[PDB]
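Here are the chains, one letter per residue:
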2 protein chains.
Amino acid sequence: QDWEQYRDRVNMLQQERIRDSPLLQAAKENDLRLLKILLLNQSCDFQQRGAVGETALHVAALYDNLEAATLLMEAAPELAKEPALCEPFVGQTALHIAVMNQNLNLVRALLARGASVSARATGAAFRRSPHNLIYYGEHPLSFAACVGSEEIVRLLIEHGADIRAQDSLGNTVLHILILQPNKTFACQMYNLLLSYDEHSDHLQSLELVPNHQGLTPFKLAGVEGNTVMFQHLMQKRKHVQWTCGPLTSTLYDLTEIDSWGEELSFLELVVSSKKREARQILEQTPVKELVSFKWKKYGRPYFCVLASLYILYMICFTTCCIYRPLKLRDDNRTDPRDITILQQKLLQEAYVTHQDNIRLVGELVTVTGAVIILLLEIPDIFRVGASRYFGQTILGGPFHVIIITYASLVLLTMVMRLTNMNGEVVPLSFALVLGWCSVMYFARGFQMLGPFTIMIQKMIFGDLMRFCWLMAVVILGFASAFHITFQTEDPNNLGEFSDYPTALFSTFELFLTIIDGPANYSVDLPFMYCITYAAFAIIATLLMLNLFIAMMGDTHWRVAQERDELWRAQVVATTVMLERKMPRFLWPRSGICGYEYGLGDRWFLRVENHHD
Amino acid sequence: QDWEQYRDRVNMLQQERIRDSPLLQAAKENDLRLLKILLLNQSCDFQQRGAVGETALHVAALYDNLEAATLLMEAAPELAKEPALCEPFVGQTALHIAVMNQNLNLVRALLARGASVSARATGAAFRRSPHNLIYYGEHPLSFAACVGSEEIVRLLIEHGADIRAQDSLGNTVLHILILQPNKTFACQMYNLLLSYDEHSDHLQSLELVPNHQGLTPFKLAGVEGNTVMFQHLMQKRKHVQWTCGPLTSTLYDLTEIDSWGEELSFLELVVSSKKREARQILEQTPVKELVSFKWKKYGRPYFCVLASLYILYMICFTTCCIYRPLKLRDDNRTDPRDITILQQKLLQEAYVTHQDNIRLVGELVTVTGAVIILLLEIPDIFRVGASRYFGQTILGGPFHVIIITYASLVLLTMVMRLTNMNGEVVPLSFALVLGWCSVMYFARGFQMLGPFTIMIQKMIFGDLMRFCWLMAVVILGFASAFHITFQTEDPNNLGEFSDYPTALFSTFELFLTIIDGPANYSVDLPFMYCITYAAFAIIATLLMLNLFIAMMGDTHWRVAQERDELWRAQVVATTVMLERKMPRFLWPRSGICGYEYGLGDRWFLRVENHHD
């Protein structure tokens, strides 16, 4: 059974146990005269509870029932200190429900009886999951902040709600307010929750408090892509120096944005976030002015020096493939089997030569330039986690599949050499088409080339390989039918389909109109051919090819804002990649320091504005 | 004569007979002094009636004439009990007209004289037809509900209007309110017509009353696509269990939506509806949450198990086509007629062999896997009606034309075998291109492949075969003209047009630039060729091919909301198809039952909401 069906059994078995007992019946129905009578003559022992394990008070708080609840607490005093007991509702007190329904008079009535305001609702239906429509945390202060009920919030603070409290994820009440969809009402709640944090310096204050995955709520607003709360959290960390007319020289703090950190860099988490909304933090005014300084001053020359060291690396690898030790075919084995074209095989003659030692010091460049690649990718596998790292298409993406499989095939050819293995062309041909299609990684400068190579990377994953599947259906229907009409025939005349692997290959080529129509006019092709070929030509190159241009040319102007927004986020991911790797003998820390211009020890960035 | 012109003769001959008699003249003109005089001295016998057969009262009610009507009823008492008599206006009383014009004081004056409120207007102009701008039913209560006149409605109820009455289609007054274009004013009328239905249990109440085609008005609102009345009819059949903050766990009844029925399944009628608006019932909140549970829990694994049994079926059919009994050409008949390519013919050697018995148990799979297909399509022909079933493109569509013509051609080849008929390639080549283009049916999972194969199915019916017709015009103009310039010439040099069926085929190929331009440079082609070929190349592959991409690439982004909405409705039609076919040892009934969680015997679906 699914967990979705398992909780539907629970949320309906609760409704059976309400109807079975007349106490929980009248609790949700607010029958005052029944409760004044049912609690006199041997008032029932309240171990009789619901199916989840809740009292009559959790039922009478699940519905807006003040008078039904106060008559429960006067007769039975010990109900507000009682949690629900089922496994997806652990610890949900009556206070956790009265807060959610914004029932003002009930929370006053629960807290005056001494309800625990620090009870954790550790149920499996309260945790953050894609099949839970809310994530409001565990504590009732975290429930009050997320329903936007500011009167319940400060009512809890007056009775001892701890704003520094963390739930099973470690999310404080500020982490949870960022995760809410109602973004514009969480900035007003964030201002309210700081003014009751007069207490200071216990653990880096209320805001810089980390998660269990290390995310401070400033750093979480970048991962989540909460640009509304991001600008709110920046108001504390900017200084307006002067206003000379329409100009405004504001001075951002750039301490929690910039890494001087070890591995929890803020800009690493934004660009590598799975959330789609996170690519808008990279356009916010202390960040956009920062990563445009890192890129243009340092990142763009260091990426173009390093792009031409890789073009010179591949142009050194082809010439050591072109020049390769091929002898002269020392056999008469081509005299049998006249269908064989082949000539010279391979050599173990890197030594007895003059111009194969020029080649040898160009093969040692490619061997010790593809072990360099493996020493720059494999320690970057284990940092991200090997599954996120190959699928981002911002954070490198499927150019690390290519650059590892390139450099693997250069090292296979090294083992194809030195052991005199024959089929050395087979990793050389794959390394050449992958080593050059890895030069296309370095279009991540180059606004000219930038968004165009994302569209290649996007039309190859969505739009080509949904056309590819219904190519294979068509070029197996016809390829297997062209093989049947010419199985009868003589393959010296029109031998395009002489074999079943070649009938698949000739029809795939015919599907793209590269190979011409198989036609010999000095002989009589079978009449079944021109019927199948009339049908093929209409399906293949009227319909299926030109509809592919429509799929291609329609889903292209859809992704026009989105292929260009994804390139601006791909330049940021390139800069952040680069500043990890190349040492600091290179990039001095961004922004102007603060102990020379003595006000602090922080590293500020100056931005001047213009009031339109 | 058309019926449109025949009723225009009627609606104008009525206007002649008004002008001829001075009584019906002054009835529509409201001349009070004439009617007080024309009814004294031998008041005219009112068998004198109009051309339709109406009295002066139906004329004086067709126009808003109170005082002209009351002077008719005082002098002639017996006029309100008199119907119109022409064949497209049968039974239309004066009450059927005064109700339509919302004439409040006239309906009070007719009913006080004892007008029949249960008269059926059985005219041929009142029936539901595409050339009738209204369908308001037969009874005057059905006329009052459709003009939105709530005061006339309850005035009829006080005098004995039967809300359970049915017209010649069997439509009750609730069936007719769903068929109205004025949808938002029929929900207010539907609330009014239930409160005068206090009487209960005569025939499953007012709402569940069936049509003559079996449609209850709940089930009719799904066929018609009346999503406004669909949500109104669902308010009676949902239970709101609890509201935990923004959550709402409502509990839908799922009795009239789900089939536990025989053949009148609600979701069958929605997806197979000819109405375009019906595909929006599949996005309404008790239905969208239901068919997404049936598909993802049961429907999607059962459709992917059954899609790979069909890929293994076709990949078993090609290998028994590739391997097929071809001998060695035992004749020297290729020594005459050197234009013949052919070699080996056919064999009756499934027996004397070792590796044709492996083929034989793979041909018996294809024979007894294409009689299975005929036993799963032919009893599904007669249920829908053989003409709707092949044209829906949601309800299978033209993948049942293909899967029947596939399985017919496998059984032809079985008769081409066992009788030693020669041309066995001719049904084998057609079965291969149809058996594989039937694998493309199973893209009805697979959101990747789903909407793309509808666009193939849509650009082949609208956009290709309107380009195909004006291909055939062009590739007959030029093919017949390329044949004429080369009829003179010698076919050993440039024999692309050596015959008139090959000139059509070479020009069709030239139209698609598959075959190259026919050009021999060692001989002088006729000068008339390069003039016709310059014209062809401009019309064929500048204009007509690239304008086809424009037709293809323009009508593609038009159908983008509509190819994707039509795939969500095609997954629902797949689920509903599947739950008929595969037995219930498989799909337990959807939704949670009701006698274990004892409140009824109905099968509820729980949906929880989130108030934004």
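Residues numbered from 1 in each chain as written, not as in the entry; some residues may be left out. Chains lettered and ligands numbered in written order. Part of a larger assembly, values for the part shown. Heavy atoms only, no water.

The deposited coordinates for this entry were obtained by cryo-EM, with a reported resolution of 3.0 Å.

**Some words on the interface of chain B and chain A**
Facing 72 residues of chain B, the contacting portion of chain A comprises 68 residues. Buried surface at the junction of chain B and chain A, summed over both partners, amounts to about 6700 Å²; 70% is from carbon and sulfur atoms. If you sort the residues of chain B by the area they bury against chain A, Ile341(B), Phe452(B) and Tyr597(B) come out on top, with a joint share of 12%. Summed over the shared surface of chain B and chain A, the result is two salt bridges. In this structure, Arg7(A) and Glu608(B) form a salt bridge, with 3.5 Å as the shortest nitrogen-oxygen distance. For the pair chain B and chain A, the number of links is 13 residue pairs in polar contact. Broken down by element, the residue count for the side of chain B that touches chain A peaks at eight residues, all from helix α19 (residues 425-436) of chain B. (Contact = heavy atoms within 4.5 Å. Buried area = accessible area lost by both parts, 1.4 Å probe. Salt bridge = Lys/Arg side-chain N within 4 Å of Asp/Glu carboxyl O. Polar contact = N/O pair within 3.5 Å; in protein donor to acceptor, adjacent residues only side chain to side chain. Helix = DSSP H or I, 4+ residues; strand = E, 2+ residues; numbered from the N terminus.)

**Looking at the UniProt feature "intramembrane region" in chain A**
Under the feature "intramembrane region", the UniProt entry names residues 498-518 of chain A. Between the end C-alpha atoms of residues 498-518 of chain A there is a gap of 12 Å, over a span that is 57% helix and 0% strand. (UniProt positions renumbered as here; feature names shortened; annotations may be inferred.)

**Quick look at the nonpolar core**
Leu110(B), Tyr406(B) and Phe511(B) are the most contacted members of the largest nonpolar core, which has 193 residues in total. With 13 residues, the single largest contributor to this core is helix α25 (residues 527-558) of chain A. Once you skip the residues sitting within four places of it in the chain, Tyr406(B) turns out to touch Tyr310(B), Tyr313(B), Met314(B), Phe317(B), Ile373(B), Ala431(B), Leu434(B) and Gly435(B). Core analysis: the next-biggest nonpolar cluster, separate from the first, contains 137 residues, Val173(A), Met229(A), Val572(A) and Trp587(A) among them. (Core = buried A, V, L, I, M, F, W, Y, C linked by side-chain atoms within 4.5 Å. Buried < 20%, exposed > 50% of the residue type's maximum accessible area, 1.4 Å probe, protein only.)

**With respect to the packing of helix α17 (residues 371-384) of chain A against helix α18 (residues 400-416) of chain A**
If you want to describe how two helices pack, look at the angle between their axes and the distance between the axes. Residues and elements named next belong to chain A. As a packed pair, α17 and α18 sit with axes 9 Å apart at the nearest point and diverge in direction by 135°. The orientation of α17 relative to α18 falls into the category oblique. Considering the relative orientation of α17 and α18, their crossing is left-handed. Across the interface between the two elements, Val-371, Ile-373, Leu-374, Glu-377 and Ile-381 from α17 touch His-400, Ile-403, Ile-404, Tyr-406, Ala-407 and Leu-411 from α18. Residues belonging to the contact of α17 with α18 are distributed by class as follows: nine nonpolar, one polar and one charged. (Axes fitted to C-alpha atoms, helices over the stretch in contact; angles between N-to-C directions. Parallel < 35°, antiparallel > 145°, perpendicular 65-115°, else oblique. Left-handed = near helix turned anticlockwise from the far one by under 90°. Nonpolar A, V, L, I, M, F, W, Y, C, P; charged D, E, K, R; others polar.)

**Things to note about the sheet that holds strand β1 (residues 238-240) of chain A**
Residues and elements named next belong to chain A. Read across the sheet, three strands follow the order β1-β2-β3 without closing on themselves; strand pairing throughout is antiparallel. Looking at which strands have only one partner, the edges of the open sheet turn out to be β1 and β3 (605-610). Between one strand axis and the next, the sheet turns by 30° as a mean value, whatever way the strands run. In terms of strand pairing, strand β2 (residues 247-252) meets β3 through six bridges, oriented antiparallel. Within β3, the position partnered with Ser-249 by the bridge is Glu-608. (Pairing = 2+ DSSP bridges.)

**Section: the UniProt feature "repeat: ANK" in chain A**
Cross-referencing UniProt, the feature "repeat: ANK" maps to residues 18-48, 52-81, 90-119, 136-165, 169-202 and 213-242 of chain A in the present numbering. For residues 136-165 of chain A, the helix share is 50%, the strand share is 0%, and the end-to-end C-alpha distance is 13 Å.

**Remarks on unusual backbone geometry**
All names here are of chain B. A positive phi angle is found at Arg-337, which is not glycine, with a value near 60°. When you line up the elements, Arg-337 lands in the loop between α15 (288-322) and α16 (357-367). At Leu-494, a residue that is not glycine, the phi angle is positive and equals roughly 65°. Tracing the backbone through its elements, the reader meets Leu-494 in the loop between α23 (479-487) and α24 (500-511). The buried category is assigned to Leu-494, whose relative accessible area is 10%.

**Structural notes on the relation of the copies chain B and chain A**
If you rotate chain B by 91° and push it 0.3 Å along the axis, it lands on chain A with an RMSD of 0.0 Å. One copy is carried onto the other by what is essentially a four-fold rotation axis. Nearest to the rotation axis, the C-alpha of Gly553(B) is located 4.6 Å from it, this being the minimum over chain B. Little of the interface of chain B is mirrored in chain A, where only 7% of its interface residues are also at the interface. (Least-squares fit on C-alpha atoms.)

**Looking at the pattern of salt bridges**
On inspection of all chains with the given rule, the structure shows 60 salt bridges over all chains. The salt bridge partner of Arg49(B) is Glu82(B), with a shortest N-O separation of 2.8 Å. Highlighted residues: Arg49(B) in the loop between α3 (32-38) and α4 (56-62) and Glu82(B) in the loop between α5 (67-75) and α6 (95-98), separated in sequence by 33 residues. Residue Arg49(B) is classed as partly exposed on the basis of its relative accessible area, which comes to 27%. Notably, a salt bridge pairs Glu363(B) with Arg359(B), separated by 2.5 Å at the nearest N-O pair. Taken together, the residues span about one helical turn, with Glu363(B) and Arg359(B) both in helix α16 at a distance of four residues. Judged on exposure class, the residue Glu363(B) and its partner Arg359(B) are both buried. Salt bridges sharing common partners tie together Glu268(A), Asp380(A), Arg383(A), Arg580(A) and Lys581(A).

**Things to note about the packing of aromatic side chains**
Tallied over the entire structure, the rule returns 67 aromatic pairs over all chains. Measuring from ring centre to ring centre gives 6.1 Å for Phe467(A) and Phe511(A), while their planes differ by 45°; the resulting arrangement is tilted. Placement of the pair is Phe467(A) in the loop between α20 (450-463) and α21 (469-472) and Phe511(A) in helix α24 (residues 500-511), with a sequence separation of 44 residues. In this structure, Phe467(A) and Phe511(A) share a single accessibility class: buried. Seen in terms of ring centroids, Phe317(B) and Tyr406(B) are 5.7 Å apart; in terms of plane orientation they differ by 85°. Their pairing is edge-to-face. Taken together, the positions of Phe317(B) in helix α15 and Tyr406(B) in helix α18 (residues 400-416) put the pair 89 residues apart, joining distant regions of the chain. Grouping residues by exposure puts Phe317(B) and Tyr406(B) together as buried. Of the aromatic side chains, those joined through ring pairs into one cluster are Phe467(A), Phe478(A), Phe482(A), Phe486(A), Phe497(A), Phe511(A), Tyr529(A), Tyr533(A), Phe536(A), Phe548(A), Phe452(B) and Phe505(B). Directly above the ring of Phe218(A) sits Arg237(A), whose terminal nitrogen or CZ lies 4.8 Å from the centroid. (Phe/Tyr/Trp six-rings, centres within 6.5 Å; stacked < 30°, edge-to-face > 60°. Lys NZ or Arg CZ within 6 Å of the ring centre and 35° of its normal.)

**Description of helix α13 (residues 227-234) of chain A**
All names here are of chain A. Along α13, six of the eight residues are buried, which leaves the element largely enclosed by surrounding structure. Where α13 is concerned, the buried positions are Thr-227, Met-229, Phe-230, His-232, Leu-233 and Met-234. Those residues of α13 that are buried lie in contact with α10 (173-178), α11 (186-194), α12 (217-224), β1, β2 and α14 (266-271).

**Considerations on the sheet that holds strand β2 (residues 247-252) of chain B**
All names here are of chain B. Taken in spatial order, the three strands of this open sheet run β1-β2-β3, and their pairing is antiparallel. In this open sheet, the two strands that pair with only one neighbour each are β1 (238-240) and β3 (605-610). Strand-to-strand, the axes of this sheet are offset by a mean angle of 30°, without reference to chain direction. Where β1 and β2 come together, three bridges link them in antiparallel fashion. Bridge pairing in β2 places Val-240 opposite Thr-250.

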